[PDB]
Amino acid sequence: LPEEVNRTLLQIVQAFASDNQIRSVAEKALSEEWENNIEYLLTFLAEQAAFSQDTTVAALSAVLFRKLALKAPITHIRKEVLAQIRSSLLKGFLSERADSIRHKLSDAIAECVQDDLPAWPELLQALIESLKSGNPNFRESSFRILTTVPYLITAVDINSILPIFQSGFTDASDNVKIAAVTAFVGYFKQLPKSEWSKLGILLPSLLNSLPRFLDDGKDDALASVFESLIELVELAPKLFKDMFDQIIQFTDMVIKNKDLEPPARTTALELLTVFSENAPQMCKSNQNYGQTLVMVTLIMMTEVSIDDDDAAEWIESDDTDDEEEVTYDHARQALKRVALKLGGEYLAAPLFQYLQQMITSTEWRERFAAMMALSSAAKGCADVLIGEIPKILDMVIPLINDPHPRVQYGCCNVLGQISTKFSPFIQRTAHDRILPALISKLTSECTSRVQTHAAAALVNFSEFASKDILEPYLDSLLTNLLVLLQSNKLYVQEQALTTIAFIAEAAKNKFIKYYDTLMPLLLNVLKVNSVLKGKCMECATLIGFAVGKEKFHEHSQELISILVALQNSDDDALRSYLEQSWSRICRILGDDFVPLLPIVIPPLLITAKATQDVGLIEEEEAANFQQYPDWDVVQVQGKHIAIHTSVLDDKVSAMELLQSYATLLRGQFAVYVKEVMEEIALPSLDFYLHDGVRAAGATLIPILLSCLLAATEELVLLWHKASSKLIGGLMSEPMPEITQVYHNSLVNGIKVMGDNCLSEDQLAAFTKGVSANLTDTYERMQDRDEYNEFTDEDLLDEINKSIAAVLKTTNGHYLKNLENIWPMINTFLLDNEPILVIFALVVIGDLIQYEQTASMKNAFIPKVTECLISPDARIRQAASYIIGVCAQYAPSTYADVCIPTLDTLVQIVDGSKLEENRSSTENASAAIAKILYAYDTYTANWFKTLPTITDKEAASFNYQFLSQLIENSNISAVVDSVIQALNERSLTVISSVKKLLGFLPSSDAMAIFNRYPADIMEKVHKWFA
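FYI, in PDB author numbering the residues of the sequence shown are 4 to 21, 23 to 38, 41 to 79, 91 to 545, 550 to 591, 595 to 736, 741 to 812, 817 to 821, 829 to 889, 892 to 951, 954 to 978, 986 to 1018, 1027 to 1045, 1052 to 1089.
Here is the structure:
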């Protein structure tokens, strides 16, 4: 470098060490002054990092170099200067540098290796040498570079690289060992699978080198290695098959050794558990996995209240978790996670082997562990455990009264957890055992913690319990809870209100009885602490819905005044209890809520207009942004961004409320429609960083319109604007799940707006969208390994609905546009995948409903007649509907296919009368009825397919046909077929039936309804003439 340039830069870089003023002035000087100067700058920084005797200037420059060298980018730098930079970086690497500085140099060096950069064989050479050096930092830094630039591993000969790693795993220095494992795993996460087989063979050497960490007593470094192994399990789990037992035994050995700090024990646990989420068949196919996993998690769940046998510290604290009980927390999460993926099929057996034993221990901690374990495993093992339900209770319930309060707490938990997972059946089956068990823990005999948790478990039970079931226990429940309501400890009171609220909600009208006593108790609590009052307001309004409007009107005025007071006073936890309550009041009050809207809607507008709160961010500036629970950072296209997730979630919650206020208030909400639509709903579709927002935007739209319509041109303008943005969204939306919502949104918009609601260029734009959607679905489904083991159907289901909706609004004229995507539709018709076929068949049925299709008759009836006898009942359904619709709307142009296939329909009609294909065979039934109308032995067949109870459109026709077959001694089957249809709510046919009964004796007539029970005879009386 020119001599002047040096001291200019040397001054500036020295200004970087320091104060804000001197350091910002330098920052500006660099960003303003230093594309004429980039290569000078790069050259300078690289020299500093390499040769400066000043630690800090060196580090800084190395860091700066790295940053600026991506930004450059390095590709566009002069070959002449690249070479010089590369050489000085390399010279510095090989000289005498502080450990931290070699790390920084390494990372700068990494920025000078790129696929399209000129070859740098000097680096390879310096690495190969460095790996052999007796200075650990040389070895460590070399693996590091291979971690950043894994492609360098391909550049080395295989017979050099393999020994390099085997030496790596084995090295004297722990630091080197961790870097080698990191480099090894990094290889798999940066290279394509085609390259994996090439390092794969090393896994053994790595695994074999593990026990050495324990020998040297270097478990903290072991944890780091376990973490890299955990990544490799996500990438290539199969690779561990057949060394499987050796890692299982080893993790077992580590977790059991309980004078290891927890890090090595919890990461070893994670390693174990992660296999179940990445290779379930492998885990299932080894008896030893499930056995070790269960054994090991049970041991860990034992590690509670250490140095505190009485649990004194725990009784005194609140019902939040002691997150200092780390290994216990990890163990239950683990058991849960594994149970979920492997099922009870696989672990009931081993689990119970261990439960039986610990339930009866003299160590309380073990009796506890047993409860917590069952509780953690219950969801996952639902499949097996739902039928060993009394067995569970028999083991659990004895402990409800255990000497030790934490075992009691534990017992309450299982009872609660079980109530949820095995619902609704457990409510029906075990109320007699569960409710007394829990209710008995409410009494002040028991400790605060237990009382509260028993009350918690009662919410779980109540959610899915019938009012009828709960009724006998209510007085008992209520009296006990009111005691807790008077508790001294905030958390007991809070839980008592929430338990009351949720019991009340379940009880409905059976809670009317208790309204008078509870409500003023509640009002006094309110008049007297945020969560308490909010939980109280929640309880009050849940009770209010349970009892209905009239009854709730006894206190509603006062209640509302309190709400207002609460809303407008000086925790954001309360805001939500308030919001939910106002909303619950509107469900109670119906139209009477309207005067309240100007209190309630303005804060919701503000929240629901929050912008996409985004920070275009820098590499290091992310991990600290990630510290916040309220934030998440992602990468869009290499360049990263910080998105305020909490805020965006809040916007959704606000939108949901605006949407339900609109749904309940209908016409009354009209005043807001313009503002919500243009300032909330529509802009929300452009929220590419959060799909909840996008979705809530879409679902809002048709409900908005429907509100304005019910009140009353602007409606047309809005609808045009909205439908257009939805349509344009169909092409730009990346998530298929969202795409579905847009279609569903359009369908509902169309249903609101009525006839011809769409312009020609709209229709054309919708078709490009539909085409792009069908194209993207095909490409995803043409997907389906050596190392590894409904959203599409739902999307297509909706696209069928939107197409039908569009055809209907255009009254046919969309057929023109529909011709453009017939190639698409055709490919689908004759693919293999039954999903694409069903889609096409359903489109086709829509086309025929609107004799102008002959163009195509010869193209799809071959496939439809195939489909008729398909193994797949959803396919038979689609096909037969097509044939039915053919004879109905296109009678002469399809007479030739319809009548032949008529035999097929008598055959398809014969597991027909099952639930799973009741759907299919009902369409066939209707299809033949349609043919018999358009144009005698056959019609007698048709009758033997009544009644139609599941499909509404089918049923509609069959009984219209049955009514014509009459007006122009099967009598009890005739009547029954009809009674069944109405009773099953599937579908004047009655007028025809009456006439038939007219031609009979009073006594013959009456005997037909001998069969029917009271409840349906109440209905029969009210159906007849």
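The beta-carbon is built from N, C-alpha and C at its ideal position, and this holds for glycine as well.
Distance between residue j and residue i (C-alpha atoms, nearest Å)
i: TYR490; j: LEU452; result: 8 Å
i: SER190; j: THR164; result: 18 Å
i: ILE175; j: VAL193; result: 20 Å
i: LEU224; j: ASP116; result: 28 Å
i: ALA78; j: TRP38; result: 12 Å
i: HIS576; j: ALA586; result: 16 Å
i: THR848; j: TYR889; result: 12 Å
i: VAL271; j: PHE292; result: 17 Å
i: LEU553; j: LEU507; result: 8 Å
i: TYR712; j: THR635; result: 12 Å
i: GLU742; j: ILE704; result: 17 Å
i: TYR532; j: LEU502; result: 16 Å
i: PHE230; j: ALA240; result: 10 Å
i: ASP674; j: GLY716; result: 10 Å
i: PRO903; j: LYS855; result: 23 Å
i: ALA735; j: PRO619; result: 17 Å
i: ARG423; j: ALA328; result: 8 Å
i: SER105; j: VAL343; result: 48 Å
i: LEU1040; j: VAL780; result: 28 Å
i: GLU511; j: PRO420; result: 27 Å
N- and C-terminal bounds of the alpha helix (DSSP H) containing residue i
i: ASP60; result: Here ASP60 belongs to no alpha helix (DSSP H), and DSSP marks it neither H nor E.
i: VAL660; result: Not the alpha helix (DSSP H): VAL660 falls in the beta strand (DSSP E), residues 656 to 661.
i: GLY639; result: From DSSP, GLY639 is part of no alpha helix (DSSP H) but of the beta strand (DSSP E) over 638 to 640.
i: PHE794; result: 788 to 809
i: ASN966; result: 961 to 977
i: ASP23; result: Premise fails: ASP23 is in no alpha helix (DSSP H) and is neither H nor E.
i: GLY756; result: 742 to 760
i: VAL311; result: 304 to 317
i: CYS398; result: Premise fails: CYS398 is in no alpha helix (DSSP H) and is neither H nor E.
i: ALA348; result: 343 to 376
i: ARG608; result: 596 to 613
i: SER436; result: 422 to 438
i: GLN1010; result: 1002 to 1017
i: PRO280; result: 279 to 295
i: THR164; result: 153 to 165
i: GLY777; result: 764 to 781
i: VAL676; result: 669 to 689
i: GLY1062; result: 1053 to 1062
Reference residue i; option with closest CA among the options
i: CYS927; options: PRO903, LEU886, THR805, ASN550; result: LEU886
i: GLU6; options: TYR46, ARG27, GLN25; result: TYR46
i: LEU1045; options: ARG1075, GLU1003, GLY361; result: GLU1003
i: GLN893; options: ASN856, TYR930, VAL905; result: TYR930
i: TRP655; options: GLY639, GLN661, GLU643, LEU1040; result: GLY639
i: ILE923; options: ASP913, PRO912, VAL938; result: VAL938
i: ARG119; options: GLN54, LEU74, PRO138; result: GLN54
i: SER677; options: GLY721, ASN648, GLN661; result: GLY721
i: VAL950; options: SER963, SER760, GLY782; result: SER963
i: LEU74; options: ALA56, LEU111, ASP1079, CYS129; result: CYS129
Supposed contact pair residue j and residue i - C-beta distance, whole angstroms, cut 8 Å
i: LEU315; j: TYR371; result: 6 Å
i: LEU681; j: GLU603; result: 6 Å
i: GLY307; j: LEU359; result: 7 Å
i: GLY777; j: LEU709; result: Not confirmed; about 13 Å, so no contact.
i: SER799; j: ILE842; result: The pair is not a contact, with the Cβ atoms about 11 Å apart (cut-off 8 Å).
i: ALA172; j: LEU141; result: 6 Å
i: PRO297; j: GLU821; result: 7 Å
i: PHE649; j: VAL657; result: 5 Å
i: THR319; j: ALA386; result: 5 Å
Within-7 Å CB hit, residue i to chain B
i: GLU522; result: The structure shown contains no chain B; it holds only a single protein chain.
Return the chain-ordered ranges of every alpha helix (DSSP H) run that is complete within the stretch 185 to 209 and spans a minimum of 4 residues.
191 to 207
Could you name each continuous alpha helix (DSSP H) segment of 4 residues or more that falls completely within the stretch 830 to 886, going from the start of the chain to the end?
830 to 849, 853 to 857, 861 to 868
Identify every run of the alpha helix (DSSP H) within the stretch 899 to 948, keeping only runs that are complete inside it and at least 4 residues long; order them along the chain.
914 to 930
List, from N- to C-terminal side, the beta strand (DSSP E) runs of 3 residues or more that fit wholly inside the stretch 231 to 274.
none
Could you tell me which uninterrupted beta strand (DSSP E) segments, each at least 3 residues in length, are contained entirely in the stretch 494 to 522, listed from first to last along the chain?
none
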